[PDB]
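# pasting the first chains of the complex, positions unchanged:
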Amino acid sequence: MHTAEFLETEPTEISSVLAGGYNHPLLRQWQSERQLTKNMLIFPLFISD
């Protein structure tokens, strides 16, 4: 029977674990370099004669 194989692995290296920083919704905001504010938007206008 084709069985599910599992390789022999070593203990987890701390340096591989990044998931501790983006597992919560608020963290996904915490991870951004800069947040989006309304006073960041420039609306274009096309004036006609």
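On my side now, so go ahead. Numbers count the residues shown, from 1 in each chain, chains lettered A, B, ... in the order given.

# need the helices for chain A, in chain order.
Counting by DSSP state H, the segments of chain A that form helices are A:25-30.

# what is the neighbour count of residue A:20?
9 (other CB atoms under 10 Å). Every C-beta, even on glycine, is put in place using the N, C-alpha and C of the backbone.

# oops, could you answer that again for residue A:42 instead?
As a burial measure, residue A:42 scores 5 neighbours (other CB under 10 Å).

# pull up the gap between residue A:29 and residue A:22, please.
10 Å (CB to CB, to the nearest Å).

# center of chain A, which residue is that?
The residue lying closest to the centre of chain A (CA atoms, centre = their mean) is residue A:28, at 5.6 Å.

# please tell me how far the closest residue to that one other than its chain neighbours sits from residue A:36.
Nearest residue to residue A:28 in three dimensions, chain neighbours excluded: residue A:22, at 5.9 Å (CB to CB, 6 or more residues apart in numbering). Distance of residue A:22 to residue A:36, given as CB to CB: 18 Å.

# higher neighbour count, these two?
residue A:22 (11 against 8).

# go ahead and place chain B:
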Amino acid sequence: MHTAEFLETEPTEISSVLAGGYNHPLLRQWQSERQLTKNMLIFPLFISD
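Okay, chain B now, added to the rest:
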């Protein structure tokens, strides 16, 4: 009479003029690396037994 002296100056170098970037209130916000949002604040709490 002590009079107000004024030295002989050359034409303005563009590279001296930075004022074009912070003369408006909204520009003072435009100049910040990152804006302050409410979801950036962590309120401390001291729980008692």
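
# on that earlier part again, now the residue nearest to the centre of chain A: how far from residue B:39?
Residue A:28 sits 11 Å away from residue B:39, going by CB to CB.

# and if you look at residue A:45?
To residue B:39, residue A:45 is 32 Å away according to CB to CB.

# look at these two and report which has more neighbours.
A count of neighbours by other CB atoms under 10 Å in any protein chain shown puts residue B:39 above the other of residue A:45 and residue B:39, at 9 against 4.

# isn't that one up against residue A:29?
Yes: contact between residue B:39 and residue A:29 holds when scored by CB atoms under 8 Å: they sit 5.8 Å apart.

# who touches both of these two?
The contact sets of residue B:39 and residue A:29 overlap at residue A:35 (CB atoms under 8 Å, 6 or more residues apart in numbering or on different chains).

# near chain B, which residues of chain A?
Within chain A, the residues that sit near chain B (CB under 8 Å from any CB of the partner chain) are A:26, A:29, A:33-35, A:37, A:39-40.

# which pair in the residues you listed spans the largest distance?
A:26 and A:39 (22.3 Å; CB to CB).
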